[PDB]
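Asker: Below is one structure. I have some questions about it.
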Amino acid sequence: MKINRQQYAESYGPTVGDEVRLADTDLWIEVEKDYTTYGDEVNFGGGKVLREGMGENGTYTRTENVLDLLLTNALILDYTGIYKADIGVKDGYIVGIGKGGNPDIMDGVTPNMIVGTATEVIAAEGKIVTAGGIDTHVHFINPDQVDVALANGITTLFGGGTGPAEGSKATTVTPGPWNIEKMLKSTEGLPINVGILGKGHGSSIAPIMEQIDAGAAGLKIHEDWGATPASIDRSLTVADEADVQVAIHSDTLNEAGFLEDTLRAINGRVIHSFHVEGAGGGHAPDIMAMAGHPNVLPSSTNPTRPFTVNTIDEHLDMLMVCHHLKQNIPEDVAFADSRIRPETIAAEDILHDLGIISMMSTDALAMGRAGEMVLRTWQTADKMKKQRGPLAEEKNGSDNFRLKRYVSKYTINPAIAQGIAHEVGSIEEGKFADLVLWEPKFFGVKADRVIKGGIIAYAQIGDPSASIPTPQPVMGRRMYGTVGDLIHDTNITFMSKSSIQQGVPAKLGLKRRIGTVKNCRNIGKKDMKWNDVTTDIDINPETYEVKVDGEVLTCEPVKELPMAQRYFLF
Amino acid sequence: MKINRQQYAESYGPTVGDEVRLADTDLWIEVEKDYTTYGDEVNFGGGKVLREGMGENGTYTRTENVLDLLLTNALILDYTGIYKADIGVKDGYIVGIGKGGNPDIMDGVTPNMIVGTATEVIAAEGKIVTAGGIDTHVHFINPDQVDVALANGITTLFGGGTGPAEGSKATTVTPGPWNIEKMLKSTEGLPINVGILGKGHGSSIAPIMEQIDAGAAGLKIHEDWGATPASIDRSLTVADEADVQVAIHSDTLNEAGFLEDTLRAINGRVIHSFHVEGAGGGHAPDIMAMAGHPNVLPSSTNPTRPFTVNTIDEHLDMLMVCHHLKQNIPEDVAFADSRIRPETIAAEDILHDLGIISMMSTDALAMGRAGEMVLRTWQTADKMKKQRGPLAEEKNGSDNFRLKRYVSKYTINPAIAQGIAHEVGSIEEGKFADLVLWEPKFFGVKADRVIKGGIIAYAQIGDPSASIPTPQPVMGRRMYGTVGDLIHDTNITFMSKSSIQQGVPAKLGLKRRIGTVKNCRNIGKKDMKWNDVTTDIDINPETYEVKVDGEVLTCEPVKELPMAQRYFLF
Amino acid sequence: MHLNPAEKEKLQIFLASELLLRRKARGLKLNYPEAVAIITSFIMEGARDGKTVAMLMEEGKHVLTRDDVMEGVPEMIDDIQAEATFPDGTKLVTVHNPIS
Amino acid sequence: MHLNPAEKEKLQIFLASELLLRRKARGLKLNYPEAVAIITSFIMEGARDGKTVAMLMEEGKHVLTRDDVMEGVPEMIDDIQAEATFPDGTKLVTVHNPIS
Amino acid sequence: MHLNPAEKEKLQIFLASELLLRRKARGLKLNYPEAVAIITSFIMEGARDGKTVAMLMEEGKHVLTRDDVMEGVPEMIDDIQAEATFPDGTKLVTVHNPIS
Amino acid sequence: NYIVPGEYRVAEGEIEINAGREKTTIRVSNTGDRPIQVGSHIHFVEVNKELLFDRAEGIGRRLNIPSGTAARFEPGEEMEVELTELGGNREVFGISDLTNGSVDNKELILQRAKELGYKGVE
Ligand code: NI
Ligand code: NI
Ligand code: NI
Ligand code: NI
């Protein structure tokens, strides 16, 4: 007995060789391999396979290779591959990627993926499953930002801030031991993973280091606090000792140096360069040349992504408003004209496509959109396909190489840069079960269900008074993972090794899972998955033209994007 | 090099001799003094002063005279003065009022106001900063009342209630040890300081006192529970032993006595007389004469403030509804006509202006508006300026004397009456950092940011999905001070000395800061800042005319108020 | 806009009244929540117009009549209370037995 | 519908603008929150219409004039900022000194 | 009014439908959330009008046609489900493939 | 009588900044090919290497401009600026690591500046 492929995909989701359109883009992903045994697919419901004696084992206790949760028939899109599998979760972690069910009667069951009495089931057939997004450029300004992030599939927020204080409104910084302690305590109530950055500023080690010992998970060097050679140096000496990452928003004004001076102060040490294109800040006009260097882990923020016809008008005015500029102060219009450049924004699209900018991020509420990191990543990939063609590395008509290159920018790469990829950032065995299910029609736009630590935290679901959950109004809502003390077991607070060894969690009464930041100082550009290109980026000081390997990098702005007016109410 | 005053004020906020209009009132406040050093003003941002090596010190650790938070360039309006300063906060308390920055390179830096690595910055330039309001007449009826209070700059709620039970809907009372324990536990989740009043009723000491030992912070004597000579006496004997305050809503009906009988039962002991004018309740018609006595700390509630053309019609009907009166019961219309009096409401405006009524309060949800204490205080001051002229004590054309008299009514005076002024009620060194920033255009109407224990708790802030926090919709929202366990460190539960000594906080698992109520029994009218007048208030029993020093106190109702239809959507 | 908690809530009364008004215009006899929303919004808009508390206590009794509403609705509504910002600040309006 | 947090919030701006427009149509001088709601909704609907950011920065200054609003309102509104989904994605529009 | 949780939520569907209807009236091709809001509100108002579940399953397929909406919108909407209070209590209406 | 809510009514006069401190005028050239903008409170001797001026005249000084403002030098631009004296303890730490102590140690500051190529020493 045979099933035609259209009917097969309708019932169980796609299989080897089938392609799926990403939302309303022109991007198609292709199933590379499938872990199932045709005819022994797992499925749940009235009269279906996962029933006692059948696809559900009736013999084994939970500890005997039985899962807490099985996601059936997922189409995984990850740096590791684009493929079809069941995902098994236990104790909050991904423990098996393969084929779930009962070894009594099915062939090919992965040995620790038994569906038993203890197992909950999520049907992922017809859904695309990705890792939760890792946003490493978050300003903690307004707690309403968390649901915004969750709704677009973000599960980890790394950054800083104390609320709507001017320091935090400008910089991803939670300054000093007391503010850090207070925000670790606030974090107990946020339904998302969090890591906190201290102020990467000072000329003595102690004032900087005491933040790391207090519970910070990294540092931020920002020009608003003085991105001088000294603060750069002292922060990287602390980071190399503490094994945490340093981010930088460099001196736009070139006050104490040009880009080469900041690179000299870095002295080959690893650093994460935020909004590397420079509209979001940094040495004018040539900060984007940071993305060519081996010791630099380069991210973009999202307002410039991708280059559209309203971008320049919007950014010139945004900068006037947020940086308080006056058109009647000649220095302020020169400053703006030196910072907001179509030449570097157009090239940024192409540097993403080439794998020279490795990461995406938001810059949430300071100069970036909390719920648009994932969104704008796929809009950029789609624009690049249209303008540059399918990459050369594509095969058999799919956009899989491009899709793996771009999914890495907001999942595994930020996690590696931050020293947290042992816990999150990808759909791999042994990693925390932060998983996002997407309907293909909404892929990258609005998440279906967001799983945090193995329990659904956020979902698009309807009328709570209805007979079934699908009637209107269907909207994003917090689920049982966010309620009561379950918010503690489903989320991770990432902290330095020294704060953990000094017993900060117990001191402050932290109940969240505590994650250790490690292995951040011996990495480089070569460790950024699918985005590991080092090259000499030349930015002309007069014209702002960007060249890589002797060629000018330019592309046009687009008038329309997918993942836009077809979906949003406003 | 010199800067003209208009440009100076635009950049750094006003300085000595400059005046600022309070919202859309006719009231002008004048900067009396300024702690800065002209040219070494502190300011934060791209290329600004608070940067490492410059206005931010790069050497000192947090414990070495470094602040957790600096509010730059605040215009303080407080009983202590109307003046320009930086405010430094550390460990949740105000530790310095003066000049912040770096002693390396600036002149005049207050020694414990160093901006260092550990310091967060709030820009207060162009803002008016006041203490958080202290509302000592709160009925705990509906938890949605807390954001209402926060939005109009209230940071401490003293009163009682268990929710929408009839006892609590009528009286500021949380009765008995069990209800008190339950509401102390509920208080753990309210983002505002709280003090709880027990039932000030009984004829034996034990039943009353056991409430104080259970965790109450004072008592309420209310006519609905029997405001008899015995309950008055027993409550004040308990209060004198326990060192807590007693409030009273006296016997309107004169059942067991007239005002002189209630004064005889008080017997010279200190007491807080609620809604002293009497529309809100008390011996008809002459309860307002309480405000002349030395042992009486007199407050108004807010529906009568100030006297307007709709006041009488509104109050007659409000009383009919809330007191369940029938127009077909002659006793009920006589009761209403004896209680709601234009003669005493008009005089109440003038008694506030003279400093004879010392305090304002809400009567939230029982006969008063949770979010209008601050609002109506300034509307009253504005009405009095128009009708009576600038006070005689004014100088050089400002309304500073009036402004200090009126700001005291909802900040320091309620705190002194309650025995909590060692912790809150004013912007002074050594007091808890409960601070409210106001844009002058919204002063007294809608707070910009409310700081609780050094962390922003509530703010008017915009779209959480936007690139910056200022896009619409700008609305009042809870901030990170209210989330997780940070709600415990940013708020105070005020309790009696005996409950604290008997270990109630530990018994109940209270995690909030615990504040001690003390020094409430040896104070009097003379201790009410700027509002310390004792005099013989005569209220004519036939005509209800009020006389002070032989003169009739009368003024007209107004048809329009400032801080009204220009601001509110409804 | 600087919306406070009450302003946000009271927008929803206006919306419910717009809904009810559309229902009445297409010929429906109004129900309990619909009648309350219409009269409440009338009071709040009256305050915004600068009418007095006394004018609105009078006018509120003529907004809906018993033929406008379902059987029993008049007797279910003992009074309708609303606070709004008049030219002289927030005041409470109670309309007693609004539908005879 | 799949409403996200911002979509739900921004519905309330439209509603406030409908309220304000009705107030203006019956002859009232508009207040601060009313004026902000009208101009904000104009920007967001303009984005939905497919206008550019530059067109809306121009047009936003002609939506309300000083005779439409209460005394002091023009000077209270330094600018109005709104983000909406244009044909090319979310963009920020700021209308500077919208009411002269 | 005694608003319950569902009544408050469902007001926002009506509002989204009013928004969408204004967008359609000024000539726009409607998007996904707009189309869903219009059809959902139609069902809930139909229930309020006293129509049967069977009438609304029929009528719901003729509220919007493919020329009213953007490319792809018809195929994105497999069905629209709404519960409302009919004369005989709450019932669920599902309109299948509403836009052909 | 028109009311602008929250408006100022400033006093008469002007505010003199950095009163009583020595002022010095110097010529400064941006020899680089990118713009340099210098804030009010940076120790002037520790600015970008490619700004050419008499480095000794920057020691213990900063720009004499309103707090939080800046002077801008376009590529190739030479202009005069006015400096004022640093106050307080007259010590500078960090920034470009040219001082790290008293600003009185002019010979040590200049030796470090010359060795690191900060243009204009002697
Ligand atoms: Ni930045
Ligand atoms: Ni940032
Ligand atoms: Ni009372
Ligand atoms: Ni009361």
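Numbering starts fresh at 1 for the residues of each chain in the structure tokens, the chains themselves are lettered A, B, ... in the order given, and ligands are numbered from 1 as they appear.
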Which residues come within 9 Å of region 57-67 of chain F, counting only C-alpha atoms, excluding same-chain residues fewer than 6 positions away, as a ChimeraX atom specification?
Answerer: /B:1-3,38-43,48-49,105 /F:17-18,23-24,26,38-46,81-87,90-92,102-104,106,109-110
Asker: Can you write just those residues out, N, CA and C atoms, as a tab-separated table (two decimals), in the first residue's frame?
Answerer:
```
chain	number	residue	atom	x	y	z
B	1	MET	N	33.02	82.71	28.87
B	1	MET	CA	31.82	82.29	28.08
B	1	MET	C	30.53	82.23	28.91
B	2	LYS	N	29.48	82.84	28.38
B	2	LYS	CA	28.21	82.90	29.09
B	2	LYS	C	27.07	82.34	28.24
B	3	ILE	N	26.09	81.76	28.92
B	3	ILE	CA	24.90	81.17	28.33
B	3	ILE	C	23.68	82.00	28.74
B	38	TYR	N	28.50	76.05	37.96
B	38	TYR	CA	28.21	76.36	36.57
B	38	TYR	C	29.37	76.00	35.64
B	39	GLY	N	29.10	75.09	34.72
B	39	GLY	CA	30.07	74.51	33.81
B	39	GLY	C	30.42	73.07	34.12
B	40	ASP	N	30.13	72.59	35.33
B	40	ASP	CA	30.39	71.23	35.74
B	40	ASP	C	29.08	70.49	36.06
B	41	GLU	N	28.01	70.95	35.42
B	41	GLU	CA	26.73	70.24	35.51
B	41	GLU	C	26.92	68.79	35.06
B	42	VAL	N	26.25	67.88	35.77
B	42	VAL	CA	26.30	66.47	35.37
B	42	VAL	C	25.23	66.25	34.31
B	43	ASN	N	25.51	65.41	33.33
B	43	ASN	CA	24.56	65.05	32.28
B	43	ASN	C	25.08	63.78	31.61
B	48	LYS	N	28.58	63.13	26.39
B	48	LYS	CA	28.26	64.04	27.48
B	48	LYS	C	29.22	63.91	28.65
B	49	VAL	N	28.86	64.44	29.81
B	49	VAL	CA	29.79	64.55	30.92
B	49	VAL	C	30.04	63.30	31.74
B	105	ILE	N	38.17	65.83	38.60
B	105	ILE	CA	38.23	66.95	37.68
B	105	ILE	C	37.16	68.00	37.86
F	17	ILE	N	29.91	80.19	32.68
F	17	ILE	CA	30.49	78.89	33.03
F	17	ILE	C	31.97	78.96	33.37
F	18	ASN	N	32.40	78.02	34.22
F	18	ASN	CA	33.80	77.88	34.59
F	18	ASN	C	34.38	79.21	35.05
F	23	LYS	N	41.63	80.75	31.16
F	23	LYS	CA	41.23	80.34	29.83
F	23	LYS	C	42.42	80.41	28.87
F	24	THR	N	42.50	79.48	27.94
F	24	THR	CA	43.60	79.40	26.98
F	24	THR	C	43.06	79.12	25.59
F	26	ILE	N	43.87	77.83	21.76
F	26	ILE	CA	44.83	77.08	20.97
F	26	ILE	C	44.24	76.66	19.62
F	38	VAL	N	34.78	66.28	20.02
F	38	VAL	CA	35.38	66.24	21.34
F	38	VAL	C	34.45	66.85	22.38
F	39	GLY	N	34.18	66.12	23.47
F	39	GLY	CA	33.27	66.60	24.49
F	39	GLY	C	33.86	67.59	25.48
F	40	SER	N	32.99	68.19	26.29
F	40	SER	CA	33.41	69.25	27.21
F	40	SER	C	34.41	68.78	28.25
F	41	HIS	N	34.31	67.53	28.72
F	41	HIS	CA	35.03	67.13	29.94
F	41	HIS	C	36.13	66.12	29.75
F	42	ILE	N	36.59	65.86	28.52
F	42	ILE	CA	37.74	65.00	28.29
F	42	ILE	C	39.05	65.79	28.43
F	43	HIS	N	39.96	65.28	29.26
F	43	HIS	CA	41.30	65.84	29.44
F	43	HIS	C	41.89	66.09	28.06
F	44	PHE	N	42.14	67.35	27.70
F	44	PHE	CA	42.33	67.68	26.29
F	44	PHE	C	43.56	67.05	25.67
F	45	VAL	N	44.62	66.87	26.45
F	45	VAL	CA	45.84	66.23	25.99
F	45	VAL	C	45.63	64.79	25.58
F	46	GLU	N	44.55	64.12	25.99
F	46	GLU	CA	44.30	62.72	25.70
F	46	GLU	C	43.36	62.45	24.55
F	81	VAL	N	40.15	76.69	19.45
F	81	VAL	CA	39.21	76.37	20.52
F	81	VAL	C	39.70	77.05	21.80
F	82	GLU	N	38.80	77.27	22.74
F	82	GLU	CA	39.17	77.83	24.03
F	82	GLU	C	39.06	76.72	25.09
F	83	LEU	N	40.13	76.58	25.84
F	83	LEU	CA	40.19	75.66	26.96
F	83	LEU	C	40.04	76.35	28.31
F	84	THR	N	39.55	75.57	29.27
F	84	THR	CA	39.51	75.96	30.67
F	84	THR	C	40.29	74.92	31.48
F	85	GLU	N	40.55	75.23	32.73
F	85	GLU	CA	41.25	74.36	33.64
F	85	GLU	C	40.32	73.32	34.27
F	86	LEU	N	40.89	72.13	34.41
F	86	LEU	CA	40.25	71.09	35.21
F	86	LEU	C	40.23	71.57	36.67
F	87	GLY	N	39.23	71.13	37.41
F	87	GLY	CA	39.11	71.48	38.82
F	87	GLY	C	39.27	70.29	39.73
F	90	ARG	N	42.36	67.82	40.35
F	90	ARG	CA	43.22	67.96	39.18
F	90	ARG	C	44.07	66.72	38.99
F	91	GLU	N	43.35	65.59	38.86
F	91	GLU	CA	43.89	64.28	38.61
F	91	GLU	C	43.05	63.64	37.48
F	92	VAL	N	43.72	62.90	36.62
F	92	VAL	CA	43.03	62.21	35.54
F	92	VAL	C	43.50	60.77	35.54
F	102	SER	N	48.26	62.88	38.99
F	102	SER	CA	48.19	64.32	38.93
F	102	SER	C	48.44	64.85	37.53
F	103	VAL	N	47.75	65.92	37.16
F	103	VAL	CA	48.00	66.56	35.87
F	103	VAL	C	49.26	67.43	35.94
F	104	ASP	N	49.86	67.54	37.12
F	104	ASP	CA	51.08	68.29	37.35
F	104	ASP	C	52.29	67.61	36.73
F	106	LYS	N	53.70	66.89	33.94
F	106	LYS	CA	53.72	67.24	32.53
F	106	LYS	C	54.77	66.49	31.75
F	109	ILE	N	53.54	62.90	31.19
F	109	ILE	CA	52.39	62.88	30.28
F	109	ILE	C	52.88	63.02	28.84
F	110	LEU	N	53.75	64.01	28.62
F	110	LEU	CA	54.30	64.25	27.27
F	110	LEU	C	55.17	63.14	26.75
```
Asker: Chain C residues within 12 Å of chain E, counting only C-alpha atoms: which ones, as a PyMOL selection string?
Answerer: chain C and resi 9+11-20+22-24+26-40+73+76-77+79-82
Asker: What residues have any atom no more than 6 Å from ligand 1 when counting only C-alpha atoms and all ligand atoms, and can you list them as a list in words?
Answerer: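 Using only C-alpha atoms and all ligand atoms, I find these residues within 6 Å of ligand 1: residues 249, 280 and 281 of chain A.
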Asker: May I have the residues from that selection written out with C-alpha atoms, as an mmCIF file, in the first residue's frame?
Answerer:
```cif
data_model
loop_
_atom_site.group_PDB
_atom_site.id
_atom_site.type_symbol
_atom_site.label_atom_id
_atom_site.label_comp_id
_atom_site.auth_asym_id
_atom_site.auth_seq_id
_atom_site.Cartn_x
_atom_site.Cartn_y
_atom_site.Cartn_z
ATOM 1 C CA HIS A 249 29.122 50.154 21.071
ATOM 2 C CA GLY A 280 23.093 52.045 15.731
ATOM 3 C CA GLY A 281 26.470 53.544 16.690
#
```
Asker: Output the coordinates of chain E after least-squares fitting to chain D on all in-order C-alpha pairs, as an mmCIF file with C-alpha atoms, in the first residue's frame.
Answerer:
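Final output, part36.cif:
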```cif
data_model
loop_
_atom_site.group_PDB
_atom_site.id
_atom_site.type_symbol
_atom_site.label_atom_id
_atom_site.label_comp_id
_atom_site.auth_asym_id
_atom_site.auth_seq_id
_atom_site.Cartn_x
_atom_site.Cartn_y
_atom_site.Cartn_z
ATOM 1 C CA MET E 1 -6.252 36.740 13.921
ATOM 2 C CA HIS E 2 -2.976 35.994 15.734
ATOM 3 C CA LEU E 3 -2.962 39.355 17.546
ATOM 4 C CA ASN E 4 0.408 40.236 19.071
ATOM 5 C CA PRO E 5 0.894 42.612 21.992
ATOM 6 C CA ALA E 6 1.436 45.725 19.843
ATOM 7 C CA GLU E 7 -1.594 45.032 17.626
ATOM 8 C CA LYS E 8 -3.803 44.856 20.710
ATOM 9 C CA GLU E 9 -2.416 48.105 22.117
ATOM 10 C CA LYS E 10 -2.650 49.992 18.843
ATOM 11 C CA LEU E 11 -6.317 49.090 18.447
ATOM 12 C CA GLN E 12 -6.903 51.322 21.478
ATOM 13 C CA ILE E 13 -5.269 54.267 19.683
ATOM 14 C CA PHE E 14 -7.719 53.871 16.797
ATOM 15 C CA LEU E 15 -10.590 53.770 19.300
ATOM 16 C CA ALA E 16 -9.399 56.930 21.093
ATOM 17 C CA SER E 17 -9.149 58.639 17.708
ATOM 18 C CA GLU E 18 -12.713 57.600 16.793
ATOM 19 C CA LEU E 19 -13.857 59.054 20.144
ATOM 20 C CA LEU E 20 -11.972 62.309 19.573
ATOM 21 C CA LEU E 21 -13.271 62.647 15.994
ATOM 22 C CA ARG E 22 -16.857 62.388 17.289
ATOM 23 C CA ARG E 23 -16.062 65.022 19.890
ATOM 24 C CA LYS E 24 -14.626 67.329 17.203
ATOM 25 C CA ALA E 25 -17.623 66.746 14.919
ATOM 26 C CA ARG E 26 -20.085 67.951 17.565
ATOM 27 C CA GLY E 27 -18.095 71.187 17.890
ATOM 28 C CA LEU E 28 -15.684 70.670 20.774
ATOM 29 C CA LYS E 29 -12.192 72.145 21.002
ATOM 30 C CA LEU E 30 -10.023 69.053 21.521
ATOM 31 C CA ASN E 31 -7.761 68.399 24.480
ATOM 32 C CA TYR E 32 -4.277 66.918 24.788
ATOM 33 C CA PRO E 33 -4.944 63.155 24.668
ATOM 34 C CA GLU E 34 -7.640 63.642 22.000
ATOM 35 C CA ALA E 35 -5.278 65.583 19.712
ATOM 36 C CA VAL E 36 -2.504 63.023 20.202
ATOM 37 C CA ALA E 37 -4.884 60.139 19.427
ATOM 38 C CA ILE E 38 -6.153 61.729 16.207
ATOM 39 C CA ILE E 39 -2.707 62.452 14.810
ATOM 40 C CA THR E 40 -1.322 59.070 15.882
ATOM 41 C CA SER E 41 -4.154 57.129 14.219
ATOM 42 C CA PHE E 42 -3.740 59.271 11.082
ATOM 43 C CA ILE E 43 -0.091 58.166 10.861
ATOM 44 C CA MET E 44 -0.878 54.472 11.416
ATOM 45 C CA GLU E 45 -3.699 54.483 8.843
ATOM 46 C CA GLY E 46 -1.430 56.390 6.450
ATOM 47 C CA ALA E 47 1.139 53.584 6.760
ATOM 48 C CA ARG E 48 -1.646 51.074 6.069
ATOM 49 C CA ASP E 49 -2.565 53.104 2.968
ATOM 50 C CA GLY E 50 1.007 52.736 1.682
ATOM 51 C CA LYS E 51 2.136 56.348 2.065
ATOM 52 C CA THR E 52 5.842 56.978 2.677
ATOM 53 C CA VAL E 53 7.414 58.092 5.966
ATOM 54 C CA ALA E 54 8.208 61.417 4.255
ATOM 55 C CA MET E 55 4.604 61.975 3.120
ATOM 56 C CA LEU E 56 3.338 61.391 6.675
ATOM 57 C CA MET E 57 5.896 63.729 8.262
ATOM 58 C CA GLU E 58 4.434 66.426 5.956
ATOM 59 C CA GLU E 59 0.742 65.522 6.229
ATOM 60 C CA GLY E 60 0.836 65.083 10.008
ATOM 61 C CA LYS E 61 1.419 68.810 10.437
ATOM 62 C CA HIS E 62 -1.939 69.615 8.771
ATOM 63 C CA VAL E 63 -4.301 67.211 10.556
ATOM 64 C CA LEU E 64 -5.283 69.592 13.372
ATOM 65 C CA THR E 65 -4.761 73.364 13.592
ATOM 66 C CA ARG E 66 -4.692 75.547 16.727
ATOM 67 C CA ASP E 67 -8.370 76.502 16.332
ATOM 68 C CA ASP E 68 -9.256 72.797 16.607
ATOM 69 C CA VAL E 69 -7.754 72.445 20.095
ATOM 70 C CA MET E 70 -7.840 73.990 23.547
ATOM 71 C CA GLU E 71 -5.511 76.785 24.615
ATOM 72 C CA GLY E 72 -2.014 75.474 25.338
ATOM 73 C CA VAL E 73 -2.469 72.155 23.506
ATOM 74 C CA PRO E 74 -0.276 73.120 20.510
ATOM 75 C CA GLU E 75 2.603 73.951 22.874
ATOM 76 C CA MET E 76 2.163 70.750 24.909
ATOM 77 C CA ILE E 77 2.742 68.577 21.826
ATOM 78 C CA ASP E 78 6.402 68.809 20.811
ATOM 79 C CA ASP E 79 6.080 65.788 18.542
ATOM 80 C CA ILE E 80 3.999 62.690 17.903
ATOM 81 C CA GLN E 81 5.750 59.375 17.254
ATOM 82 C CA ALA E 82 4.180 56.181 15.891
ATOM 83 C CA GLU E 83 5.429 52.904 14.437
ATOM 84 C CA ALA E 84 3.320 51.069 11.889
ATOM 85 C CA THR E 85 3.672 48.430 9.187
ATOM 86 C CA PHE E 86 4.372 50.054 5.819
ATOM 87 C CA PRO E 87 4.629 48.042 2.603
ATOM 88 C CA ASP E 88 8.340 47.697 3.486
ATOM 89 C CA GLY E 89 7.889 46.675 7.137
ATOM 90 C CA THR E 90 7.638 48.524 10.436
ATOM 91 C CA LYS E 91 8.932 52.094 10.318
ATOM 92 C CA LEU E 92 8.924 54.960 12.808
ATOM 93 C CA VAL E 93 7.218 58.213 11.885
ATOM 94 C CA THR E 94 7.781 61.336 13.952
ATOM 95 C CA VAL E 95 5.610 64.375 13.222
ATOM 96 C CA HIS E 96 7.371 67.429 14.641
ATOM 97 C CA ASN E 97 5.335 70.297 16.150
ATOM 98 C CA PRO E 98 2.171 68.941 14.547
ATOM 99 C CA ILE E 99 -0.104 71.812 15.600
ATOM 100 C CA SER E 100 1.266 75.294 14.971
#
```
Asker: What residues in chain A have any atom no more than 8 Å from chain D when counting only C-alpha atoms, and can you write them as number ranges by chain?
Answerer: A: 147-148, 151, 308-311, 313-314, 317-318, 446, 460-461, 472-476, 558-565, 568-570
Asker: What separation in Å, quoted to one decimal, exists between CA of residue 455 (chain B) and CA of residue 497 (chain A)?
Answerer: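 Interatomic distance here is 26.7 Å.
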Asker: Could you tell me, counting only C-alpha atoms and all ligand atoms, which protein and nucleic acid residues lie no more than 9 Å from ligand 4, written as JSON, numbers by chain?
Answerer: {"B": [137, 138, 139, 159, 168, 169, 170, 171, 172, 222, 249, 274, 275, 280, 281, 301, 362, 363, 364, 365, 366, 367, 368]}
Asker: Among chain D, which residues carry a DSSP assignment of strand (DSSP E or B), reported as a list in words?
Answerer: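 Of chain D, the ones in strand (DSSP E or B) are residues 3, 30, 69, 79, 80, 81, 82, 83, 84, 85, 86, 89, 90, 91, 92, 93, 94, 95 and 96 of chain D.
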Asker: Taking only C-alpha atoms into account, what are the residues of chain F at most 10 Å from chain A, put as a short mmCIF file (atom, residue, chain, number, x, y, z; two decimals) with C-alpha atoms, in the first residue's frame?
Answerer:
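Result file is iface12.cif:
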```
data_model
loop_
_atom_site.label_atom_id
_atom_site.label_comp_id
_atom_site.auth_asym_id
_atom_site.auth_seq_id
_atom_site.Cartn_x
_atom_site.Cartn_y
_atom_site.Cartn_z
CA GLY F 32 42.96 62.47 9.75
CA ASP F 33 40.37 61.66 7.12
CA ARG F 34 37.38 61.00 9.39
CA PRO F 35 35.50 63.46 11.65
CA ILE F 36 36.46 63.94 15.29
CA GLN F 37 34.09 65.41 17.87
CA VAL F 38 35.38 66.24 21.34
CA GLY F 39 33.27 66.60 24.49
CA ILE F 42 37.74 65.00 28.29
CA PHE F 44 42.33 67.68 26.29
CA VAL F 45 45.84 66.23 25.99
CA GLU F 46 44.30 62.72 25.70
CA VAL F 47 42.22 63.30 22.56
CA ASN F 48 42.67 61.40 19.30
CA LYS F 49 46.33 61.07 18.21
CA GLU F 50 45.54 62.60 14.80
CA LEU F 51 44.50 65.97 16.25
CA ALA F 70 31.17 69.34 21.91
CA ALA F 71 33.58 70.82 19.38
CA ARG F 72 33.64 69.16 15.92
CA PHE F 73 36.64 68.80 13.56
CA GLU F 74 35.86 67.68 10.01
CA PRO F 75 38.60 65.85 8.09
CA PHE F 93 42.80 58.43 35.38
CA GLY F 94 42.10 56.19 32.41
CA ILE F 95 40.80 57.67 29.14
CA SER F 96 43.94 57.30 26.99
CA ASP F 97 46.11 56.23 29.95
CA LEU F 98 48.42 59.21 29.45
CA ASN F 100 46.86 58.22 35.62
#
```
Asker: Find the distance between CA of residue 223 (chain B) and CA of residue 369 (chain B) and write it in Å to one decimal.
Answerer: 20.8 Å
